[PDB]
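One structure below.
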Amino acid sequence: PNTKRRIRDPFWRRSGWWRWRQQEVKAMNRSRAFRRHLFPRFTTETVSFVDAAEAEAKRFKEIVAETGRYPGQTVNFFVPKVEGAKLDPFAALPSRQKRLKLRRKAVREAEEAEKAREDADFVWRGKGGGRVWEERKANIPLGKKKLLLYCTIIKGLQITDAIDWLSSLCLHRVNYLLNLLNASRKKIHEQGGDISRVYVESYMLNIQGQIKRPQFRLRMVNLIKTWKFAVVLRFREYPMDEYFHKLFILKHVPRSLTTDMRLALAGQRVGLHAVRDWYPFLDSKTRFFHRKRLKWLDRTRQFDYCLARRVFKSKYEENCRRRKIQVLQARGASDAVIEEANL
Amino acid sequence: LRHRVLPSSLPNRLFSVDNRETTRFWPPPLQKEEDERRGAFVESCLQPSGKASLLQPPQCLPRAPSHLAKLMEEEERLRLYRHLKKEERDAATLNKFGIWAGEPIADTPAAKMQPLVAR
Amino acid sequence: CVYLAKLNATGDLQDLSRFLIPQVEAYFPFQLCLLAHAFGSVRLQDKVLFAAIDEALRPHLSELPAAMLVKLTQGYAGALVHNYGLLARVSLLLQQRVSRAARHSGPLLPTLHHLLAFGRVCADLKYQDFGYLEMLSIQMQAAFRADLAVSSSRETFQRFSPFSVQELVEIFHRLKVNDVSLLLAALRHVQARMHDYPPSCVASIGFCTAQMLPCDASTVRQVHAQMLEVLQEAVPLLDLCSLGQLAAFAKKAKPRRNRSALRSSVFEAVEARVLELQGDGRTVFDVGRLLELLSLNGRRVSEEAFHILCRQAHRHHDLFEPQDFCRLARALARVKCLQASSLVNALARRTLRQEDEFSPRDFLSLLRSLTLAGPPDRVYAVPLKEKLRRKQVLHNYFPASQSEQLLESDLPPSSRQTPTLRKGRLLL
Amino acid sequence: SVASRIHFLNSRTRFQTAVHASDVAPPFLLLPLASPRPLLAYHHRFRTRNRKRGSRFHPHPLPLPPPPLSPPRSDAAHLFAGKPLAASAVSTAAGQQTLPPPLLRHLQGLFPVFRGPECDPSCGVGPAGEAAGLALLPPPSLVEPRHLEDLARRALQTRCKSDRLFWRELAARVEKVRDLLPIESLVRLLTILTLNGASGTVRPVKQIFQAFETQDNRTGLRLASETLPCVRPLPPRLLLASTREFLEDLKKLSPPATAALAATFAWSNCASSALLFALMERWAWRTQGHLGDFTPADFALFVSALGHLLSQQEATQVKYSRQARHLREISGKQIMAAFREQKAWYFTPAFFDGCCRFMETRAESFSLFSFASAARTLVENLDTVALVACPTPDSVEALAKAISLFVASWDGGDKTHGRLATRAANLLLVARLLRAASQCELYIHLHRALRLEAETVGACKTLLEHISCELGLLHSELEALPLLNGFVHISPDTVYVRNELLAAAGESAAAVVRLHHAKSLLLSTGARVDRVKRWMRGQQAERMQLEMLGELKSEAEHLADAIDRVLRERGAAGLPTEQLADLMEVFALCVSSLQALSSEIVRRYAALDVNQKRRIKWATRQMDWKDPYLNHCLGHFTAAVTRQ
Amino acid sequence: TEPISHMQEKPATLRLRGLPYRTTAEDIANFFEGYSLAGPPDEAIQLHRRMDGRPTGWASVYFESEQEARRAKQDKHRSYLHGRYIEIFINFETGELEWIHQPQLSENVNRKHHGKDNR
RNA sequence: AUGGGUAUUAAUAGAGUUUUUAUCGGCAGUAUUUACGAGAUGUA
RNA sequence: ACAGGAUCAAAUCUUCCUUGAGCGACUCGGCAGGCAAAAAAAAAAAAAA
RNA sequence: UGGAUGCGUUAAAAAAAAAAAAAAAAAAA
């Protein structure tokens, strides 16, 4: 290796990383991160995401605690769980996966409803929202200490970025995580999620155990352990508004996407217009200078957040629709079939 | 004029390759090389010796003595202009900051515009 | 930048151009026009900035309001950047808008005031556009006709004012364009409604008209006579500039009766009034011409007035032309043949500094007058002779009618370039 | 220099004169020869320092669409407002996002903000406001040199504030790949850039060179300020850079390419002395290049451009020679020794003769525009006052013969009456042809008279007859403008066409005067030459007579009557400043138009030359004209005339 | 937009590897004689170069239809040009996103009990 | 010049251009960064 | 910055006053450079295409 | 065509020196 590479330390620095310095520097960093945002100067509404299943579970348990009875009970009372009991007192409520399914259903319904709402182009929604999947893999022969490294690598990344990350490491036991990621991506694509805007939002490690083997030594017998762990990953499909605000406004673009763009330009698989088309996302320098240009246009009030968002969304959707139509046409399908596919 | 207008000194006070009023003659070694090559080109083209100097790829320059005389006068005027402007700027710099650039005193790699290396 | 220009922070304004340059193409056209006006107001030349501003405004010029066009052109005039490419386009645009003719932006269609402002800009930049001046003359003649046609005394001067008339006449005088019809119409309007003309306007109009036109014409002579009567009447209200213009006009005129007595009385009144303006250290005027008029045809200036005028002449040296130098030296030489040694020394030093500005004849006559008005100090006399000598060689100039090296003892004793040591202190 | 700048700023007699706004032309620039620049190579080495750390595809800044005249609304809710906007405004509101044609169609279907006229559904809006046809063209920065010619042709076919970005990018890319482009492609690229830059151009009235014929509200003239001649179509740096390529590959240019190159250089008003001299030496009659290989149109264009450039080249050379005194260094010893002691033809003959032979041989296959421009350029001054210093009279005789043959064919040829602008342009061209004929005759006669010291009329008649009637017809058919002698309507196109008419009149008057001198020229042998010299220089002499014209006396009288008819009603303003003396001399020959001319002379006195002032003074004295203001101007201004 | 590099939509393409330094666009056109290209050779055949212009040995050839491109690949794959047989590849996607179907990665890599290879 | 229509030097709004070594082999893929203003009391 | 100011006004080449110390000094502001590759005892050594 | 070491050679002077890693009128980042 370089032998002069700068290796980072999160707790100490030559420049002075005492706690007061950390406070001041992180105040500066927070200020810069907040100022990096551009916000629309006119919106019609401030819709916020809510989870009906979670709200109903909360109210159900609050009623149980407040009245000592199930909602609707008039004679008997609530019976907490005891040792050996085979009945779940909260069996009527949905499970976590059921709540996730209901969330996906509600997201689909709201997406369909928004297509027939006036002024839908001037509504602020915020960070949270979209569909969520939770995928679990068990029997991984790795320990907490290594799994923490491999998951801290990928947390917060787009799914293809995470797959590229973990594939570059050439570690045999990371094949488990790679299999989980590949299977999750395939499942979401088959269910109809847009792989392009699926991110790894969080992870959870659950121990399962450790198999012990004797190790015979000079004066004692030891026990060497092989771990058994399970990993749960939370994938989230960002809504189109959040995707726009992330990629276009804050310039937080997947490196996999940027690499694909650069490879296309280098191989001349696209026209010369692609350079200006992809300028807002192509490279670090282009992203920085486009962010500067957008900031100046916003401060002169020539930039329009809602119009830019609409243009970005329309271009993305039209590209996807063209892909679908042309892949159908490549099969020799009839005009009636193609038309009916759009209903 | 009744109220004199003051020219801006920023062209003199801005030191970069994008400011000619300051980088026109910098570095002095390459300025000298440029002047020498201009003189050689003028002598080998506007004063032909009957042979191809081969200093550059050929050009279809005028050969009539009447045209050559006027070209020579133009080049002489350009030479005088460049020399006088360099002299004036050097005098102004000397009177202002006492800065003065002279000829190299010794045969050294830096005077040759090369890095000093083990070779 | 506009605030800094208004505050006179010339150095800071000059420094900020570095960051202004890469942002001109991003500003609004009215912002660029205000920037140009601000730079012109302090008389600071920044040719790179002005060129960039012109390139940026190229596609937007046609749609700019008349006031913003006037601001841009006034900035260029104040900076003395002779962008005739811009002046021609602005003149064509104004002519087209007037032909079509016949609150944050401002109207596209100009007014007589905007036309006169652009004409004054053209005079400052020495842009002699005869077509534009023909348009302006036609419009002004129509305006004068309509003003005379007006009858109820409340709509008079609705479209212009005596100051506007003065500005027009000054424009034509400065550009040396002899529009006889326009000048005669202006003089006729002045005669018709002179009771409404301020005395300063009367003085300026008389000066310009007498310098431009012959006084033998019947109408010109009559109007000039009446204007001189009114100006001699209003002398007590006039300032130094108006007094000097009146003195020049009263002598350049050709009256019917009492030609000499009129000039003598005018000069006497001007002398009486000058003493009352001793402390006026703000007004700008031609001290040299006033002194020359007072000392001419054997007339001898009053000692007090001469002292006051030579004292006040020091302020104007930074504004002097070669002709102003020559005229002041002539006046001093004539008056001696009183002497202002300090003024002569200052003139000699400044002409030695500005030797290159002078033609052979101008320099020769100036040196002759400097010597005749009481020779300056040798420190200026010797190098001045050397400069005259060099100029004569270079220009091969030798009139029909026509020393040593400097010594350390001739250097001023206020400085300490001699090795001598003196008793005393240097109070810091 | 600072001294010369101060001189100009102090001078109260020097001005930039223009009878009409279109007079002002870009300052003439002389482009010095090139030589190796290791210093500039060093600067480039510094400039390219950090390319590895940047973008491999768009290192250069993204173009900024021009901003609107007024600031947008504070809330910046254009989509909500729904009002359609310009293409540049749309791009800025979208944050410079590309809008291909199908996307524009979709967005126009949904929202009206994208339904502006500048947003063509079949083209798009582009990433920086590129509207209409330009939207489909990739940015020039990314285009390979082999495609630049087609790219520029497609861009020019389109014929809006965002077009300048594309054209500036094209200019920069052409300057960068000058050394990769084939020479012919480079010439065509320069021509395309010039055409775009000067599209909608109007020629200065007093200028001869013109790239293309004028034929191709009340008139067909539209005066656009953004495309006045004072706006140089090309940047000087591009021409300066291209000069080296042209000099290296000059022998590979075809006659049309050479004509186009000279035309572009003259249009931009930039001259390279070496390139012009090389072009003059390359071409000669029967110099491995035949002037006969030119077509008449290309030949006329080439000659006109060459003359236009060479005249100003000579003027600048003279002025710089006069300036060199103060750059030279003189010593005090030489200064003291000084008092110890005290006690205009710029065409090489081998090219002028070839041009004259070409004109003589092919006069019958010319157009009015081409032949008149070529003849007027070839004539120019001809050293008529002073008279290799001068060309051989054989070439001038051949030019006169060419003029005669062209007039003979052209009289039989039929004319087309179009818009008043084209008609006035043609009238001016005919007047200039007459001027060229008169100058040829005067030069030939002066040479013969000088020989004696040492020891065509039909064509002129035809031209005079045509001019004297066309002038009156155009004056009658042209709207009436107000007179110098709640705004008043004065249309600029009408003013320009009136200036064209008056320029034609002045050219005809000058031709008439020169014909009078040439005819007067034939002890007496030297007396005639002295008389001609005195008449031309403004010294005292006997009053000129119409009888000298002979067969052209009636035509001169009819021309004078037509000019009087025009000047009586149109006024004197609009006359060219270079022919007031000629008009006064014609009036003196023929003896309210006289009063108009005198008033215009008085108004323009500050701009007139000393020679013109002397000639006007003596013409007035012979005519017994007693204008009280012209008298004042003659006797109290211009010491150079007052003292003599 | 006539140039292929300018078109927003590219015709069917093929990629050629194995080209010697001598190879030219005309040589590639002769190699593809009998097959319909998307245009004249100067546009249909594009040799790939580095920043200094040195050949990379890789070329892109455009055809009028995918059928013709695949026929040309079938006929000319591993055929000779200047003494070296050339390899040809399709160089355009199907739109089906087959990359989403990644193979199952081994969970039993017993490195120390398997034969040596350079996988 | 009873004096400034007056004498001299506008490159003026444009002083603008890519050197040398070198038969052949090799690197150059990315990220960060400048409006922490209340454009605005918008051009009078 | 000779940038602003005063005066019966300065040797060419400012008689003074102001500029808290003209930002510590000199520069830059499309400046600045963490990682990879390729090299590499500290360092130094490749302009871009 | 070279590398390391001493069994080889040189110095034994400077300490307000050689040198360094935090320009600081910035008093609630």
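Every heavy atom of this structure was used, including side-chain atoms; hydrogens, water molecules and symmetry mates were not. So you know, we letter chains A, B, ... as the sequences are listed, proteins then strands, and number each from 1.
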Considering residues at least two apart in sequence or located in another chain, which fulfil the salt bridge (charged side-chain N to carboxylate O under 4.0 Å, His left out) criterion with C:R289?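 In terms of salt bridge (charged side-chain N to carboxylate O under 4.0 Å, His left out), with neighbours along the sequence ignored, C:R289 is linked to no residue.
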
field: Face-to-face stacking of C:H395 with F:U8, centres under 5.5 angstrom, angle under 30°
entry: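 According to the criterion (under 5.5 Å, under 30°), no, C:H395 does not stack.
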
Which letter, B, S or -, goes with each nucleotide of [range] from 5' to 3', with contact meaning a protein heavy atom under 4.0 Å?
range	answer
nucleotides 39-49 of chain G	BB-S----BSB
nucleotides 10-15 of chain G	BBSSS-
nucleotides 32-37 of chain F	BBBBB-

Please give the stem ranges for RNA chain H, sorted by first residue number, where a stem is three or more consecutive Watson-Crick or G-U pairs and both donor-acceptor distances are under 3.5 Å.
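Looking at RNA chain H, no stem of three or more consecutive pairs is formed.
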
At less than 3.5 Å, do the side-chain atoms of C:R327 and the base atoms of F:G3 form a donor-acceptor pair?
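No pair found.
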
Does B:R20 make a side-chain donor-acceptor contact with the base of F:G16, cut-off 3.5 Å?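 No.
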
Check: Under 4.0 Å: is that the gap between some side-chain N or O of D:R12 and OP1 or OP2 of F:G5?
Finding: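 Answer yes for this pair, as a side-chain N or O of D:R12 is under 4.0 Å from OP1 or OP2.
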
Pick the closest RNA chain F nucleotide for D:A241 and for C:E55 by heavy atoms, then say which residue is nearer the 5' end.
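Looking at the nearest nucleotide for each, C:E55 comes out on the 5' side.
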
Q) Centres of the six-membered rings under 5.5 angstrom apart and planes under 30 degrees: does that hold for G:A44 and G:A45? A)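 Per the 5.5 Å and 30° rule, G:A44 stacks on G:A45.
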
Among all residues two or more places apart in sequence or in another chain, which pass the ring pair (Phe, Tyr, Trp, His ring centres under 6.0 Å) test with D:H60?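 D:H58.
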
